[PDB]
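For reference, the structure is listed below as structure tokens.
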Amino acid sequence: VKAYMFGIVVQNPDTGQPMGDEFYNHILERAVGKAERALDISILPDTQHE
Amino acid sequence: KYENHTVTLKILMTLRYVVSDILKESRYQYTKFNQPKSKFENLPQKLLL
């Protein structure tokens, strides 16, 4: 994600704190969820009892 | 050969200056945006050379 934003850095203007990897992972998990709905798919390996 | 002759020259010399007064001498900003804490920065002086 940072690579695609190369040359852009995001910080809290009130502090010197940039957003940590926790937010990115959290966002990425919901992004891969959203894509999983956008096509009727399973997108990570997962056992099913059907 | 030029013991009692006159001599004249057209010459090139480097530009030079001295500060004869300091004018609008200090301008200031408490820069705070995108800083851990308030910071003081001295903005450009104007010099009368």
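Residue numbering restarts at 1 in every chain; chains get A, B, ... in the order shown in the structure tokens, and ligands count up from 1 in that same order.
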
Item to check | Who sits within 10 Å of residue 46 of chain B, only C-alpha atoms, same chain under 3 positions skipped, as a list in words | outcome: residues 21, 22, 23, 24, 25, 26, 27, 43 and 49 of chain B

Using only C-alpha atoms, what does the table of chain A residues within 12 Å of chain B look like, with each row giving the shortest atom pair and its distance in Å to one decimal, sorted by chain and ascending number, as CSV?
```
residue,atom,partner,partner_atom,distance
A:9,CA,B:34,CA,11.6
A:10,CA,B:34,CA,10.1
A:11,CA,B:34,CA,7.5
A:12,CA,B:34,CA,6.9
A:13,CA,B:34,CA,3.9
A:14,CA,B:34,CA,5.8
A:15,CA,B:36,CA,4.3
A:16,CA,B:36,CA,5.1
A:17,CA,B:36,CA,8.3
A:18,CA,B:34,CA,10.6
```

Kindly save the residues from that selection, with N, CA and C atoms included, as a short mmCIF file (atom, residue, chain, number, x, y, z; two decimals), in the first residue's frame.
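Below is the file that was written, selection-v5.cif:
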```cif
data_model
loop_
_atom_site.label_atom_id
_atom_site.label_comp_id
_atom_site.auth_asym_id
_atom_site.auth_seq_id
_atom_site.Cartn_x
_atom_site.Cartn_y
_atom_site.Cartn_z
N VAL A 9 3.11 10.74 2.41
CA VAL A 9 3.19 10.27 3.79
C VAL A 9 2.06 10.92 4.57
N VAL A 10 1.38 10.13 5.39
CA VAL A 10 0.19 10.55 6.13
C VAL A 10 0.52 10.58 7.62
N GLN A 11 0.19 11.69 8.27
CA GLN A 11 0.46 11.89 9.68
C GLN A 11 -0.71 12.61 10.33
N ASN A 12 -0.82 12.44 11.64
CA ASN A 12 -1.69 13.26 12.47
C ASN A 12 -1.11 14.66 12.62
N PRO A 13 -1.73 15.71 12.07
CA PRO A 13 -1.08 17.03 12.08
C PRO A 13 -0.81 17.56 13.48
N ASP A 14 -1.57 17.12 14.48
CA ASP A 14 -1.35 17.58 15.85
C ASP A 14 -0.14 16.93 16.50
N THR A 15 0.37 15.83 15.95
CA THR A 15 1.50 15.12 16.53
C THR A 15 2.46 14.73 15.41
N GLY A 16 3.49 13.97 15.77
CA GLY A 16 4.37 13.34 14.80
C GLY A 16 4.04 11.90 14.49
N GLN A 17 2.82 11.47 14.83
CA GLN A 17 2.45 10.06 14.76
C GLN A 17 1.88 9.73 13.39
N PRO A 18 2.57 8.97 12.55
CA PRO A 18 1.89 8.32 11.42
C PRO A 18 1.14 7.07 11.84
#
```

Would you return as a compact mmCIF listing (two decimals) with C-alpha atoms, in the first residue's frame the members of chain A that DSSP assigns to alpha helix (DSSP H) on this structure's backbone?
```txt
# COMPACT_ATOMS: atom_id res chain seq x y z
CA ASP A 21 0.45 -1.11 10.39
CA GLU A 22 -2.53 -2.07 12.58
CA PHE A 23 -4.85 0.26 10.65
CA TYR A 24 -3.47 -0.94 7.30
CA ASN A 25 -3.97 -4.63 8.16
CA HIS A 26 -7.46 -3.84 9.47
CA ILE A 27 -8.31 -1.94 6.27
CA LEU A 28 -6.79 -4.67 4.08
CA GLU A 29 -8.81 -7.37 5.84
CA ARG A 30 -12.07 -5.52 5.17
CA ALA A 31 -10.90 -4.77 1.62
CA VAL A 32 -10.33 -8.46 0.88
CA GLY A 33 -13.72 -9.11 2.43
CA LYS A 34 -15.32 -6.53 0.13
CA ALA A 35 -13.71 -8.07 -2.96
CA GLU A 36 -14.86 -11.49 -1.76
CA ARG A 37 -18.43 -10.18 -1.93
CA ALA A 38 -17.84 -8.30 -5.21
```

Next on the checklist: as a list in words, please: every residue in chain B that DSSP puts in strand (DSSP E or B).
Outcome noted: residues 21, 22, 23, 27, 28, 29, 30, 31, 39, 40, 41, 42, 43, 46, 47 and 48 of chain B

Write a file of the selected residues as a PDB file, in the first residue's frame, keeping N, CA, C and O atoms.
```pdb
ATOM      1  N   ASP B  21      22.481  48.929   6.978  1.00  0.00           N
ATOM      2  CA  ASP B  21      21.366  48.915   7.914  1.00  0.00           C
ATOM      3  C   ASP B  21      20.627  47.597   7.762  1.00  0.00           C
ATOM      4  O   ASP B  21      20.659  46.969   6.701  1.00  0.00           O
ATOM      5  N   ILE B  22      19.957  47.189   8.836  1.00  0.00           N
ATOM      6  CA  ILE B  22      19.067  46.034   8.829  1.00  0.00           C
ATOM      7  C   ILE B  22      17.634  46.522   8.990  1.00  0.00           C
ATOM      8  O   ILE B  22      17.324  47.269   9.926  1.00  0.00           O
ATOM      9  N   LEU B  23      16.768  46.097   8.076  1.00  0.00           N
ATOM     10  CA  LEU B  23      15.483  46.728   7.817  1.00  0.00           C
ATOM     11  C   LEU B  23      14.406  45.652   7.815  1.00  0.00           C
ATOM     12  O   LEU B  23      14.636  44.548   7.312  1.00  0.00           O
ATOM     13  N   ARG B  27      10.847  38.877  11.430  1.00  0.00           N
ATOM     14  CA  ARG B  27       9.500  38.402  11.155  1.00  0.00           C
ATOM     15  C   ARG B  27       9.400  36.955  11.619  1.00  0.00           C
ATOM     16  O   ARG B  27      10.345  36.181  11.446  1.00  0.00           O
ATOM     17  N   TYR B  28       8.259  36.589  12.204  1.00  0.00           N
ATOM     18  CA  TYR B  28       8.169  35.433  13.086  1.00  0.00           C
ATOM     19  C   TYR B  28       6.944  34.589  12.759  1.00  0.00           C
ATOM     20  O   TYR B  28       5.946  35.088  12.232  1.00  0.00           O
ATOM     21  N   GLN B  29       7.034  33.299  13.083  1.00  0.00           N
ATOM     22  CA  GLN B  29       5.906  32.379  12.960  1.00  0.00           C
ATOM     23  C   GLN B  29       6.015  31.286  14.012  1.00  0.00           C
ATOM     24  O   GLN B  29       7.033  30.592  14.073  1.00  0.00           O
ATOM     25  N   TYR B  30       4.975  31.130  14.834  1.00  0.00           N
ATOM     26  CA  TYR B  30       4.785  29.907  15.619  1.00  0.00           C
ATOM     27  C   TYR B  30       4.203  28.812  14.727  1.00  0.00           C
ATOM     28  O   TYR B  30       2.989  28.612  14.651  1.00  0.00           O
ATOM     29  N   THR B  31       5.084  28.106  14.025  1.00  0.00           N
ATOM     30  CA  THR B  31       4.681  26.943  13.240  1.00  0.00           C
ATOM     31  C   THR B  31       4.282  25.781  14.151  1.00  0.00           C
ATOM     32  O   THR B  31       5.067  25.352  15.003  1.00  0.00           O
ATOM     33  N   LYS B  39       6.745  25.391  17.458  1.00  0.00           N
ATOM     34  CA  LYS B  39       8.114  25.715  17.080  1.00  0.00           C
ATOM     35  C   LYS B  39       8.169  27.160  16.602  1.00  0.00           C
ATOM     36  O   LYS B  39       7.235  27.644  15.957  1.00  0.00           O
ATOM     37  N   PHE B  40       9.262  27.848  16.929  1.00  0.00           N
ATOM     38  CA  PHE B  40       9.482  29.236  16.535  1.00  0.00           C
ATOM     39  C   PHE B  40      10.510  29.302  15.411  1.00  0.00           C
ATOM     40  O   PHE B  40      11.620  28.776  15.549  1.00  0.00           O
ATOM     41  N   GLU B  41      10.137  29.945  14.304  1.00  0.00           N
ATOM     42  CA  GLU B  41      10.988  30.097  13.129  1.00  0.00           C
ATOM     43  C   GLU B  41      11.124  31.569  12.757  1.00  0.00           C
ATOM     44  O   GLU B  41      10.122  32.281  12.633  1.00  0.00           O
ATOM     45  N   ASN B  42      12.368  32.015  12.579  1.00  0.00           N
ATOM     46  CA  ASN B  42      12.682  33.375  12.143  1.00  0.00           C
ATOM     47  C   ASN B  42      12.631  33.479  10.621  1.00  0.00           C
ATOM     48  O   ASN B  42      13.425  32.841   9.922  1.00  0.00           O
ATOM     49  N   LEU B  43      11.703  34.285  10.114  1.00  0.00           N
ATOM     50  CA  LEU B  43      11.552  34.511   8.681  1.00  0.00           C
ATOM     51  C   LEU B  43      12.585  35.511   8.156  1.00  0.00           C
ATOM     52  O   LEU B  43      13.260  36.195   8.929  1.00  0.00           O
ATOM     53  N   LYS B  46      15.382  41.663   5.786  1.00  0.00           N
ATOM     54  CA  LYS B  46      15.737  42.524   4.660  1.00  0.00           C
ATOM     55  C   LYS B  46      16.943  43.387   5.027  1.00  0.00           C
ATOM     56  O   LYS B  46      16.956  44.020   6.087  1.00  0.00           O
ATOM     57  N   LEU B  47      17.944  43.411   4.147  1.00  0.00           N
ATOM     58  CA  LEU B  47      19.188  44.145   4.355  1.00  0.00           C
ATOM     59  C   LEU B  47      19.299  45.296   3.363  1.00  0.00           C
ATOM     60  O   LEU B  47      19.008  45.128   2.176  1.00  0.00           O
ATOM     61  N   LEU B  48      19.723  46.466   3.848  1.00  0.00           N
ATOM     62  CA  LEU B  48      20.100  47.586   2.983  1.00  0.00           C
ATOM     63  C   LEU B  48      21.617  47.592   2.809  1.00  0.00           C
ATOM     64  O   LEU B  48      22.358  48.045   3.683  1.00  0.00           O
TER      65      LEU B  48
END
```

Next on the checklist: One decimal, in Å: what's the spacing between atom CA of residue 20 of chain B and atom CA of residue 45 of chain B?
Outcome noted: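 For atom CA of residue 20 of chain B relative to atom CA of residue 45 of chain B, the distance reads 13.5 Å.
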
Checklist entry - What does the distance from atom CA of residue 4 of chain A to atom CA of residue 44 of chain A come to in Å, to one decimal? => result 23.2 Å
